[PDB]
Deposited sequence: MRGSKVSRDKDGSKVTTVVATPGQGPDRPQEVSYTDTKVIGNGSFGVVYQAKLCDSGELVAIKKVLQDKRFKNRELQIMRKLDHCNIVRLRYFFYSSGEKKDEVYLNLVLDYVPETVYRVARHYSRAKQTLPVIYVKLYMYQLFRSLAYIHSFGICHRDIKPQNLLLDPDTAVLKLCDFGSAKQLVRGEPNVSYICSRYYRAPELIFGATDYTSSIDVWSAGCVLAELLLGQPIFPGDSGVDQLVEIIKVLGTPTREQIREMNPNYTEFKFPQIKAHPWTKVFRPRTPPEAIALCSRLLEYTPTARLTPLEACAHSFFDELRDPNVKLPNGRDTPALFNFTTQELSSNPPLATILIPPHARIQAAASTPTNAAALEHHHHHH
């Protein structure tokens, strides 16, 4: 009922802007960092989300540059990107996903219930996969939160999105400090590793089990007070670097043991995406007789690339089970 034809450039491939048309535009996201709309392309009818951010010709949009080099089933797919209006607005046309870990987590909280563990595995595992993949590029998201984890209810696939706050960390360079904030950040680190993403993911896993934020605090103070109110006080040693009673009864040991190896004061002490993916908490996923709670076949959880594994290839023995190979032969 209201078409909009623009000159868009494919997200992947040699810059060759072609004409693109879309309609049914319906706002669905808001903030000071931009705004996300929904819309349907006219030649395919496919649904998409358009993220509109204000960019100035002085420099290049870092989030655009990062998105353009990404391509993984567990990261929001970029279709096109174009500009609008003096004031320049960059629009990112993404493959639309209907829900988020935030809207789902909240939907379970209003029922005093908790998201079934099978779903927690499925989501957390794919998150670690998206992490392992981008970290191998040296790229750190730097802002993992339930709002940023999109998911499709009927497929049970999670896709990381929102790289407006992400940066390709260059080991050997200063990073200015400007409830998922890792402690090293609270202490305004300047050389922190991409292991900050692991801490945040840890808060998310924890949260999904709990059923509410784990480290609630309006400031680093209150926030850090929580971290201590659960992880206790740090040692002079850890300070430089920078239980089972905490989680609800009946919480699978593997889950509680997994959160303990992610929520460590020492960045280097924490697991890495790849290791996390292979943690026994996800053993059930590597099971041949595993059943997707939805019936449909489980999403491609073992199609790892040499890139996703570069962090430590031999770990492929675990991440890719016997049946996964014979079935992908």
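Missing from the model relative to the deposited sequence are positions 1-12, 98-101, 195-198, 263-278, 366-382 (no C-alpha coordinates, numbering from 1).
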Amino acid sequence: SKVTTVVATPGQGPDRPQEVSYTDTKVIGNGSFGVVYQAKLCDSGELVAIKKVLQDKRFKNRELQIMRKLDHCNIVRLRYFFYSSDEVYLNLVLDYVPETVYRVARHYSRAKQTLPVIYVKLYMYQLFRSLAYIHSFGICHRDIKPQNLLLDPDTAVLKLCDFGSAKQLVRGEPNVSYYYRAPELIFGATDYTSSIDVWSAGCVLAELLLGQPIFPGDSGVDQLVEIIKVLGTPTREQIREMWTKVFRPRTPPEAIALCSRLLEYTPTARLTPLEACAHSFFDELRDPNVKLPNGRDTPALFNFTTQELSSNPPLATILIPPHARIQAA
From here on, numbers count along this sequence of modelled residues.
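Rigid core (definition): largest C-alpha set, two forms, superposition within 1.5 Å.
Stretch comparison, 22-30 versus 266-274: after rigid core superposition, larger RMS CA deviation in 9 other deposited structures of this protein is found for 22-30. Superposing the other copies on the rigid core and comparing 218-226 to 111-119, farther C-alpha placement in 9 other deposited structures of this protein marks 218-226. Higher mean CA temperature factor, per the PDB entry, when comparing 68-76 with 166-174: 166-174.
Legend: mean Cα B-factor per stretch from the PDB entry, 34-42 versus 290-298; the higher mean is in 290-298. Between the residues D95, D197, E237, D152, it is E237 that shows the highest Cα B-factor in the PDB record. Of the candidates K245, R103, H135, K159, the one whose C-alpha carries the top B factor in the deposited record is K245. Placement of the Cα temperature factor of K145 within the chain: lowest third of the modelled residues, per the deposited record. Sort the chain's modelled residues by C-alpha temperature factor and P216 lands in the highest third, per the entry. When the modelled residues of the chain are ordered by C-alpha B-factor, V53 sits in the middle third.
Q113: CA B factor in the middle third of modelled residues in this chain (values from the PDB entry). Among the modelled residues of the chain, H107 sits in the middle third by CA temperature factor in this PDB entry.
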